[PDB]
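Structure first, commentary second.
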Amino acid sequence: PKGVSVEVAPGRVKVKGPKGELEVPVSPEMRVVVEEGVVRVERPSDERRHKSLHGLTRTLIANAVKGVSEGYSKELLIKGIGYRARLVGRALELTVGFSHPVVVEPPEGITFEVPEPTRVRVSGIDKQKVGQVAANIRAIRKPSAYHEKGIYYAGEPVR
Amino acid sequence: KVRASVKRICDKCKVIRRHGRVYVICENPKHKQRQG
Amino acid sequence: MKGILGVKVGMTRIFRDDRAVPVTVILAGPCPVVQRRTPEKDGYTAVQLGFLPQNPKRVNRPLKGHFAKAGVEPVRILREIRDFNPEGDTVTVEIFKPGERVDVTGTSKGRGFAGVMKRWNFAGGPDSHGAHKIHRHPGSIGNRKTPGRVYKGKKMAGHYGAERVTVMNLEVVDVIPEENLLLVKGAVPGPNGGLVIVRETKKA
Amino acid sequence: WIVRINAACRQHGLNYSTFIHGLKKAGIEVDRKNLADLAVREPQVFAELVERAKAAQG
Amino acid sequence: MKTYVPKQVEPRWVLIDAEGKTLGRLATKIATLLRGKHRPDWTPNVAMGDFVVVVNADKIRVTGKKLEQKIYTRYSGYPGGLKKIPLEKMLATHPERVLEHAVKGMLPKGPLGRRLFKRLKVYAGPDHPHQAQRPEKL
RNA sequence: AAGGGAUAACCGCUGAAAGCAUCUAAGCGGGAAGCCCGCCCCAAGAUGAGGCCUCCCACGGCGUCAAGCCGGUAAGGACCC
RNA sequence: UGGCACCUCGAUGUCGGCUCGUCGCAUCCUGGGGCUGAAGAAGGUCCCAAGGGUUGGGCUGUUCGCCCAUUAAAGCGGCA
RNA sequence: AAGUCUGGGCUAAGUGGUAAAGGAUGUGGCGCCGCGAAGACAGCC
């Protein structure tokens, strides 16, 4: 890619980009050093263990790469009557039915968004962390209620 | 849910071996099984 | 960890707001710090106070004037207070304010060779109908061939009382700084004239 | 006898199993495990016997 | 007569540490040293093994999946007095213990067996806080 | 009991083998009146007999020369009350 | 409940109750959880889980049972 | 007491270290059948 600096260590790999750098732990089952205008990744004997590691490798790398050139993503459509969200700091005070409103801290790398009062999204350079913290929010009130209330993914309703 | 002969009760069911155990994942919640 | 040494004097009750509270009076007199335990040479952090001062100079080897405040090592000796490190110059009562919560160690009164059904509150056997030589006995103590022995710890008769006992979380009703006094919410172990130590509690 | 022979000849490279096989082929119906106290008195001469042994062995 | 027999010679000391090694596969040789089974004085009734200091305990390799899976046991003489503690928790606190337990088991069980277990000095290290010799074996 | 750590069924993230999908095969999170520690009590015969503060020190006379020596001491400790 | 007759007939006390407990989980309450023919409340059913709890009387020698009045529950077994 | 001996394979459950009907895309080695420039096996017209 463009402004990407694909560095290498013994058993790790450091990917520098215009948005920052990330750290992927990578098994001794390969020899990849700063190579060409892009990057190639190979593997030894076609046995079940190796096969499964190739492809896994291929993607963590690629995800870190697309992360460092902006990899944000993820959005929650909140439904229900009294149900709605309100930004306070970079933290989030959403209210969803309980006898008490709900406040939420963002750790390192991450910011929450409140475009609507009933829509929300999570920005992130990492990826693992993003999908994690996405679900963490959804948790506070999942859906079901022979239909209606609760806070959904981009995906949608059921019997 | 928990039985000795676990098999596939639909065309949506799926045999995954996780936790070192044998399970089954359908679309409808009623066909979700685990061998024990 | 706030902490004085002291002595049970006795108890009565006072009135408060509009009701009687039962209280037990401690004399936690001035406690001259005589030694500090460092983690650098002792390994742990603590302070050694002293209590009943009075001593007609029978002090020989532990004369240890070695720390300035050696003003006659106390009759009722000296105890450490674990993690407690004050302005090194005696500890009076002022540390505890009314409304504070305290734990209190002490030496329970001594019952001696006590029977089961005091030592342990057993049922014993019937004052009438059948037998007559087992009204106060323990009954059975085992099974038969297996395991063919008695469990370690079995509750049987023996020495009861005269033991270290800490009752937790008592209220400080009052404090007379004047007399080195301390008032707590009744029921503190051992007899009058007994050594006790008084600390902060662990509460909520 | 055997426990200390082993200790001693293991001190020259090989092991007991090997050493005895060697002597067998080497034609020295001798040692007599008893008389491998040579290992302690006169190790000069024990050393010699080990050479003969690994002679027939390698 | 043939009593090959020793006379008391000066006991040797030794330092070792296969910090990177499989225990058991370590502990075996240690013991063989603690008895004089390497030297041809060997005399079964007496104690002329090496004194042995092992630096840098913990660190040891353990094969397969032996964490949570290897469980250690102590019974007090009481009702339900069984304790079960897994390998993980032993390295976590008291790792000097791990290599100790393993050698004990490979030593004979008489009085002389306990005498030799005393000849074995174990420190999670490095730095063996006693210097007066140690012909390091690698 | 607060509280701290690790878990059970179970609920997830990311993820190939198997271009899809999968809680798993490399990794990462939630999760019990239960486990570990925390509260109270005993505890260095823990022959692995621990540590810190302070004290008392002289060979006085004899063997296979430091008691394996008897008889007075020291700091101290008993006896009787 | 039986089958067999191996130690015990120069003796291994035998039903029920009381006293004192301890252990199993195939769990009666209380703690987690998945389905539900789960609107809610209240259930059904299976999974994880003994840490602690598991009432008082009428009848009968009773064990057990039936009945009165309560309970979060009024658990099933082993230890001659 | 005596080989951490030599050479080629399998197994990741501590199986080994003692259990059946019946279940399972666990692995490794053989098969002989579909049909693949009427180039859809997996994915969005």
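I'd like the full set of residues that are more than 10 Å from RNA strand G (Cβ to nearest atom) and of a type in the set (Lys, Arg), limited to chain B. Within chain B, B:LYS7, B:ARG8, B:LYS12, B:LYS14, B:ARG17, B:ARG18, B:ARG21 meet the criteria.
Scan segment A:31-44 and give yes if some residue there is without any contact (Cβ under 8 Å) to a residue 40 or more places away in the chain, among the charged types (D, E, K, R), out of contact with any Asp or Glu (no Cβ under 9 Å at 6 or more places or on another chain) and within 11 Å of RNA strand F (Cβ to nearest atom), otherwise no. No.
Among the residues of segment D:36-58, none qualifies, meaning not one is near RNA strand H (Cβ under 10 Å from one of its atoms), out of contact with any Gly (no Cβ under 7 Å at 6 or more places or on another chain), part of a helix (DSSP H, G or I) and under 19 Å from E:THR3 (Cα atoms).
Do we have any residue at all in segment E:65-76 that's within 16 Å of RNA strand G (Cβ to nearest atom) and either of a type in the set (A, V, I, L, M, F, W, C) or within 26 Å of D:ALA8 (Cβ to Cβ) (or both)? Yes - at least one qualifying residue is present in segment E:65-76. Among the residues of segment E:25-44 satisfying the criterion of being surrounded by fewer than 17 Cβ atoms within 10 Å (Cβ to Cβ) and away from chain D (no Cβ under 14 Å), which is nearest to D:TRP1 (Cα to Cα)? My answer is E:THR28.
Each residue in segment C:97-121 was checked for being hydrophobic (A, V, I, L, M, F, W, C), assigned to a strand (DSSP E or B), more than 23 Å from C:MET168 (Cβ to Cβ) and out of contact with any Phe, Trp or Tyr (no Cβ under 6 Å at 6 or more places or on another chain), and 1 pass.
Quick check on my filter: what residues within segment E:90-112 are more than 15 Å from E:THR28 (Cα to Cα) and not β-branched (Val, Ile, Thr)? Within segment E:90-112, E:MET90, E:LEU91, E:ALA92, E:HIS94, E:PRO95, E:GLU96, E:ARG97, E:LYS109, E:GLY110, E:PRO111, E:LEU112 meet the criteria.
Being on the phi > 0 side of the Ramachandran plot, within 16 Å of RNA strand G (Cβ to nearest atom) and surrounded by 15 or more Cβ atoms within 10 Å (Cβ to Cβ), is that true of even one residue in segment A:129-138? No; the residues of segment A:129-138 include none that is on the phi > 0 side of the Ramachandran plot, within 16 Å of RNA strand G (Cβ to nearest atom) and surrounded by 15 or more Cβ atoms within 10 Å (Cβ to Cβ). Select from segment C:148-179 the residues that are of a type in the set (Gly, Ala, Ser) and in a strand (DSSP E or B) and write down the one among them that is surrounded by the fewest Cβ atoms within 10 Å (Cβ to Cβ). Applying the filter and picking the extreme gives C:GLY158. Looking at C:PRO138, C:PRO56, just one residue is more than 12 Å from RNA strand G (Cβ to nearest atom), not in a strand (DSSP E or B) and not basic (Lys, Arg), and that residue is C:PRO56. Restricting attention to segment C:192-204, report how many residues are part of a loop (DSSP other than H, G, I, E, B) and either surrounded by 12 or more Cβ atoms within 10 Å (Cβ to Cβ) or touching a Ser or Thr at 6+ places or on another chain (Cβ under 7 Å) (or both). Counting residues in segment C:192-204 that are part of a loop (DSSP other than H, G, I, E, B) and either surrounded by 12 or more Cβ atoms within 10 Å (Cβ to Cβ) or touching a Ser or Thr at 6+ places or on another chain (Cβ under 7 Å) (or both) gives 2. Among residues of segment B:4-36 being within 10 Å of RNA strand F (Cβ to nearest atom) and assigned to a loop (DSSP other than H, G, I, E, B), the one that is nearest to the other protein chains (Cβ to nearest Cβ) is B:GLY20. Any residue at all in segment E:57-76 that's of a type in the set (S, T, N, Q) and within 14 Å of chain D (Cβ to nearest Cβ)? For segment E:57-76, residues of a type in the set (S, T, N, Q) and within 14 Å of chain D (Cβ to nearest Cβ): absent. Taken together, the residues in segment C:55-101 that are among the polar types (S, T, N, Q) and touching a residue at least 40 places away in the same chain (Cβ under 8 Å) amount to 3.
Any chance you could count how many residues in segment A:45-57 are surrounded by 12 or more Cβ atoms within 10 Å (Cβ to Cβ) and within 16 Å of RNA strand H (Cβ to nearest atom)?
5
Evaluated against (1) part of a strand (DSSP E or B); (2) within 14 Å of chain D (Cβ to nearest Cβ), E:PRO6 falls short on exactly one condition, (1). Can you name every residue in segment C:14-48 that is among the basic types (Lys, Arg) and either assigned to a loop (DSSP other than H, G, I, E, B) or free of Cβ contacts under 8 Å to residues at least 24 places away in the same chain (or both)? Residues satisfying the conditions are C:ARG19, C:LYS41.
Entry remark, segment D:4-58: residues being within 14 Å of another protein chain (Cβ to nearest Cβ), among the acidic types (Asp, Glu) and surrounded by fewer than 14 Cβ atoms within 10 Å (Cβ to Cβ) number 1 in total.
Conditions (1) exposed (fewer than 10 other Cβ atoms within 10 Å of the Cβ); (2) under 28 Å from C:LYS152 (Cα atoms); (3) of a type outside the set (S, T, N, Q); (4) under 16 Å from the mean Cα position of the chain (by Cα), marked per residue:
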{"position": "E:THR63", "(1), (2), (3), (4)": "yes, no, no, no"}
{"position": "E:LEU87", "(1), (2), (3), (4)": "no, no, yes, no"}
{"position": "E:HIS94", "(1), (2), (3), (4)": "no, no, yes, yes"}
{"position": "E:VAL98", "(1), (2), (3), (4)": "no, no, yes, yes"}
{"position": "E:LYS109", "(1), (2), (3), (4)": "yes, yes, yes, yes"}
{"position": "E:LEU120", "(1), (2), (3), (4)": "no, no, yes, yes"}
{"position": "E:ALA132", "(1), (2), (3), (4)": "yes, no, yes, no"}
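Just to confirm my filter: which strands (runs of 3 or more DSSP E) fall fully inside segment A:61-148 and include at least 2 residues that are small (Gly, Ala, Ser)? Filter on segment A:61-148 gives A:119-124.
From the list E:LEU15, E:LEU26, the lone residue that is away from RNA strand G (no atom under 16 Å from the Cβ), within 17 Å of E:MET106 (Cα to Cα) and touching a residue at least 40 places away in the same chain (Cβ under 8 Å) is E:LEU26. Restricting the first member to segment C:160-186 and to residues that are without any contact (Cβ under 8 Å) to a residue 60 or more places away in the chain, and the second to residues that are in a strand (DSSP E or B), the beta-carbon pairs closer than 6 Å and six or more apart or on different chains are C:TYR160/C:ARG111; C:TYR160/C:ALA114; C:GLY161/C:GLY110; C:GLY161/C:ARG111; C:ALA162/C:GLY110.
Cβ atoms come from the backbone with ideal geometry, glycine included; neighbour counts cover every protein chain shown. Each reported figure results from applying straightforward, stated rules to the coordinates on display, with no laboratory input.
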